[PDB]
Each structure stands twice: as structure tokens, then as C-alpha cells.
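One structure below.
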Amino acid sequence: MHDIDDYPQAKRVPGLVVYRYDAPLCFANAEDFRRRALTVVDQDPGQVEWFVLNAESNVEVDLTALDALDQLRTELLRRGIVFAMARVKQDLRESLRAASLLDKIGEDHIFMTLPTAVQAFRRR
């Protein structure tokens, strides 16, 4: 398929990365939904090396991300070897209002960096 969802890639335990599906799902069931899906592909139980980045637009598609998504994002991300990046559709305002501890976690969850970051940090 193309847009809204589709299977972007999905690598495995090492070198994994998925895109933020580009379709308005808002947040209606997105709390337990976010948990179920990402948590069971392993974002907390199994130590996995991966990251997520937004697709292309994902401005109107994604609501209350900081709450559901960013809570479990930064909280579980800082537990293993995972990262996350957006292209700034609102994320800066929303995510920072939720997780203002970005000051100390630093490159935990930022914007447009991962593609080149993993390139350098997995080879040095």
C-alpha cells in the first residue's frame, strides 16, 4: 500500500526503524493501542535496537501523541537502545510540554537526526 499506514520496513532486533503512519487516528483508543502494538513488538520487555520517525505529513493524523506516544516513548526509550525523531509538525510544542526533561535526556526524542545518527553511532 501507500500512505496512511502500510508496512514501511521493519528490520528486527538490530537496526530496526518504522515510520509514523500518515493517517488521522487521533488518540481515541491510541493509549492502549500504542501500548499493545509497539510494546509487543518490543519497546520495553525485549532489549531491542530500533527507532521511529514520522512518515511525511502526519500533522493531522496524530493527536495527543505526547500523552500516549511520548509517555511510553521517552519512558521506555531511555530504558534501552532506541530513538525517535519527527520533522516538527507540532511535536516540539506538544512533546516538550509533556516531557520537559528533554533538557537532561538530550538526544532521547528529537527531530530529524536518526538516519545519520545511527550511521555514525553504529560504526564510529
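Within each chain, counting starts at residue 1; across the C-alpha cells, chains are named A, B, ... in the order shown, with ligands numbered 1 upward in that order.
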
Filtered DSSP result for chain A, state strand (DSSP E or B), as a list in words: residues 16, 17, 18, 19, 20, 26, 49, 50, 51, 52, 53, 54, 62, 81, 82, 83, 84, 85, 86, 109, 110 and 111 of chain A

Using DSSP on the backbone, list every residue of region 13-115 of chain A that comes out as alpha helix (DSSP H), and give them as a list in words.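 After running DSSP on the backbone, region 13-115 of chain A has alpha helix (DSSP H) at residues 30, 31, 32, 33, 34, 40, 71, 72, 73, 74, 75, 76, 77, 91, 92, 93, 94, 95, 96, 97, 98, 102, 103, 104, 105, 114 and 115 of chain A.
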
With N, CA, C and O atoms kept, could you save the residues just selected as a CSV table (one decimal), in the first residue's frame?
```csv
chain,number,residue,atom,x,y,z
A,30,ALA,N,-5.9,5.1,21.2
A,30,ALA,CA,-4.5,5.1,20.9
A,30,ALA,C,-3.6,4.9,22.2
A,30,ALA,O,-2.4,4.6,22.0
A,31,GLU,N,-4.2,5.0,23.4
A,31,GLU,CA,-3.4,4.8,24.6
A,31,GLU,C,-3.0,3.3,24.7
A,31,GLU,O,-1.8,3.0,24.6
A,32,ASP,N,-4.0,2.4,24.8
A,32,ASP,CA,-3.8,1.0,24.9
A,32,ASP,C,-3.3,0.5,23.6
A,32,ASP,O,-2.6,-0.5,23.5
A,33,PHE,N,-3.8,1.1,22.5
A,33,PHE,CA,-3.4,0.7,21.1
A,33,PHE,C,-1.9,0.9,20.9
A,33,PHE,O,-1.2,0.0,20.5
A,34,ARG,N,-1.4,2.1,21.3
A,34,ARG,CA,0.0,2.3,21.2
A,34,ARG,C,0.8,1.3,22.0
A,34,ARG,O,1.8,0.8,21.6
A,40,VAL,N,4.5,-4.8,22.2
A,40,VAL,CA,4.5,-6.2,22.0
A,40,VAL,C,5.5,-6.6,20.8
A,40,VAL,O,6.0,-7.7,20.7
A,71,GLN,N,4.8,9.6,26.4
A,71,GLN,CA,5.0,9.0,27.7
A,71,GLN,C,5.7,7.7,27.6
A,71,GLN,O,6.8,7.5,28.1
A,72,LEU,N,5.1,6.7,26.8
A,72,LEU,CA,5.7,5.4,26.6
A,72,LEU,C,7.0,5.5,25.8
A,72,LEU,O,7.9,4.7,25.9
A,73,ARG,N,7.1,6.6,24.9
A,73,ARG,CA,8.2,6.7,24.1
A,73,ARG,C,9.5,7.0,24.9
A,73,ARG,O,10.3,6.1,25.1
A,74,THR,N,9.5,8.2,25.5
A,74,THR,CA,10.7,8.6,26.3
A,74,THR,C,10.9,7.7,27.5
A,74,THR,O,12.1,7.4,27.9
A,75,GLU,N,9.8,7.2,28.1
A,75,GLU,CA,9.9,6.4,29.3
A,75,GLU,C,10.6,5.1,29.0
A,75,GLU,O,11.4,4.6,29.8
A,76,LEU,N,10.2,4.5,27.9
A,76,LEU,CA,10.7,3.1,27.6
A,76,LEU,C,11.9,3.2,26.7
A,76,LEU,O,12.8,2.3,26.7
A,77,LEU,N,12.1,4.3,26.0
A,77,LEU,CA,13.2,4.6,25.1
A,77,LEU,C,14.5,4.7,26.0
A,77,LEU,O,15.5,4.0,25.7
A,91,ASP,N,5.1,18.6,17.1
A,91,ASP,CA,5.8,17.8,18.1
A,91,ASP,C,6.6,18.6,19.1
A,91,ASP,O,6.6,18.3,20.3
A,92,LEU,N,7.3,19.6,18.6
A,92,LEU,CA,8.1,20.4,19.5
A,92,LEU,C,7.3,21.0,20.7
A,92,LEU,O,7.7,20.9,21.8
A,93,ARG,N,6.2,21.6,20.3
A,93,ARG,CA,5.3,22.2,21.3
A,93,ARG,C,4.7,21.1,22.2
A,93,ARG,O,4.8,21.2,23.4
A,94,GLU,N,4.1,20.1,21.6
A,94,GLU,CA,3.3,19.1,22.3
A,94,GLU,C,4.2,18.2,23.2
A,94,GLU,O,4.1,18.1,24.4
A,95,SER,N,5.2,17.6,22.5
A,95,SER,CA,6.1,16.7,23.2
A,95,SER,C,6.9,17.4,24.3
A,95,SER,O,7.1,16.8,25.4
A,96,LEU,N,7.3,18.6,24.1
A,96,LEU,CA,8.1,19.4,25.1
A,96,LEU,C,7.2,19.7,26.3
A,96,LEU,O,7.7,19.8,27.4
A,97,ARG,N,5.9,20.0,26.1
A,97,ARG,CA,5.0,20.3,27.2
A,97,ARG,C,4.8,19.1,28.0
A,97,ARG,O,4.6,19.2,29.3
A,98,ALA,N,4.8,17.9,27.4
A,98,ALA,CA,4.7,16.7,28.2
A,98,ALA,C,6.0,16.3,28.9
A,98,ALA,O,6.1,16.3,30.1
A,102,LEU,N,13.6,16.8,28.6
A,102,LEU,CA,14.4,16.7,27.5
A,102,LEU,C,15.8,17.4,27.7
A,102,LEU,O,16.8,17.0,27.1
A,103,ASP,N,15.8,18.4,28.6
A,103,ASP,CA,17.0,19.1,29.0
A,103,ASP,C,18.1,18.1,29.4
A,103,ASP,O,19.3,18.4,29.1
A,104,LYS,N,17.8,17.1,30.1
A,104,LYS,CA,18.8,16.2,30.6
A,104,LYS,C,18.9,14.9,29.8
A,104,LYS,O,20.0,14.3,29.7
A,105,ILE,N,17.8,14.4,29.2
A,105,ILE,CA,17.8,13.2,28.4
A,105,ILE,C,18.5,13.5,27.0
A,105,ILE,O,19.0,12.6,26.4
A,114,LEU,N,18.0,10.8,13.3
A,114,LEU,CA,18.2,9.4,13.4
A,114,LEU,C,18.9,8.7,12.2
A,114,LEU,O,19.9,8.0,12.4
A,115,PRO,N,18.5,8.9,11.0
A,115,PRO,CA,19.1,8.3,9.8
A,115,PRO,C,20.6,8.5,9.8
A,115,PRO,O,21.3,7.5,9.5
```

May I have the residues within 12 Å of residue 78 (chain A) as an mmCIF file with N, CA and C atoms, in the first residue's frame, using only C-alpha atoms and disregarding those fewer than 6 positions away in the same chain?
```cif
data_model
loop_
_atom_site.group_PDB
_atom_site.id
_atom_site.type_symbol
_atom_site.label_atom_id
_atom_site.label_comp_id
_atom_site.auth_asym_id
_atom_site.auth_seq_id
_atom_site.Cartn_x
_atom_site.Cartn_y
_atom_site.Cartn_z
ATOM 1 N N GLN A 43 9.243 -2.811 23.061
ATOM 2 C CA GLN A 43 9.735 -1.473 23.318
ATOM 3 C C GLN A 43 10.006 -1.320 24.810
ATOM 4 N N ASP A 44 9.969 -2.451 25.509
ATOM 5 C CA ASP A 44 10.106 -2.469 26.965
ATOM 6 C C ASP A 44 10.574 -3.841 27.478
ATOM 7 N N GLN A 47 15.052 -6.218 24.959
ATOM 8 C CA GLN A 47 16.016 -5.183 24.620
ATOM 9 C C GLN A 47 16.272 -5.174 23.117
ATOM 10 N N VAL A 48 15.796 -4.130 22.457
ATOM 11 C CA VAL A 48 15.853 -4.041 21.009
ATOM 12 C C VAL A 48 16.513 -2.731 20.570
ATOM 13 N N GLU A 49 17.234 -2.786 19.454
ATOM 14 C CA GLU A 49 17.883 -1.613 18.878
ATOM 15 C C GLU A 49 17.069 -1.108 17.694
ATOM 16 N N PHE A 51 14.251 2.443 16.210
ATOM 17 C CA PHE A 51 13.789 3.805 16.358
ATOM 18 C C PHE A 51 12.590 4.076 15.468
ATOM 19 N N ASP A 70 4.351 9.754 23.673
ATOM 20 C CA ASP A 70 5.619 10.276 24.177
ATOM 21 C C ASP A 70 5.886 9.796 25.591
ATOM 22 N N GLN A 71 4.823 9.588 26.371
ATOM 23 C CA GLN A 71 4.980 8.992 27.689
ATOM 24 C C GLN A 71 5.686 7.660 27.562
ATOM 25 N N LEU A 72 5.111 6.741 26.791
ATOM 26 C CA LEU A 72 5.736 5.438 26.633
ATOM 27 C C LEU A 72 6.985 5.532 25.760
ATOM 28 N N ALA A 84 13.943 8.163 18.582
ATOM 29 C CA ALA A 84 12.758 8.615 17.868
ATOM 30 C C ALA A 84 12.941 10.035 17.361
ATOM 31 N N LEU A 101 11.736 17.154 30.498
ATOM 32 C CA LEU A 101 13.011 16.646 30.999
ATOM 33 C C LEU A 101 13.977 16.391 29.842
ATOM 34 N N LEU A 102 13.595 16.848 28.649
ATOM 35 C CA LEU A 102 14.430 16.731 27.459
ATOM 36 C C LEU A 102 15.780 17.408 27.685
ATOM 37 N N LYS A 104 17.754 17.055 30.077
ATOM 38 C CA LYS A 104 18.754 16.158 30.643
ATOM 39 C C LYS A 104 18.891 14.874 29.826
ATOM 40 N N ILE A 105 17.799 14.419 29.218
ATOM 41 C CA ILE A 105 17.844 13.204 28.404
ATOM 42 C C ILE A 105 18.460 13.493 27.040
ATOM 43 N N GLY A 106 18.418 14.759 26.641
ATOM 44 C CA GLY A 106 19.097 15.191 25.434
ATOM 45 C C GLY A 106 18.551 14.568 24.164
ATOM 46 N N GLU A 107 19.338 13.687 23.559
ATOM 47 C CA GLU A 107 19.006 13.112 22.257
ATOM 48 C C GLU A 107 18.120 11.877 22.395
ATOM 49 N N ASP A 108 17.277 11.884 23.418
ATOM 50 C CA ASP A 108 16.309 10.814 23.647
ATOM 51 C C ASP A 108 15.259 10.803 22.537
ATOM 52 N N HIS A 109 14.547 11.913 22.414
ATOM 53 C CA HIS A 109 13.487 12.049 21.428
ATOM 54 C C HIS A 109 13.520 13.444 20.814
#
```

I'd like to know which of A:86, A:46, A:79, A:36 is closest to residue 19 (chain A), using only C-alpha atoms. A:86

Rank nothing, just name the residue among A:12, A:61, A:56, A:2 nearest to residue 25 (chain A), using only C-alpha atoms.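 Among the listed residues, A:61 lies closest to residue 25 (chain A).
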
Provide the CA of residue 13 (chain A) to CA of residue 1 (chain A) distance in Å, to one decimal place.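 So the answer is 24.3 Å.
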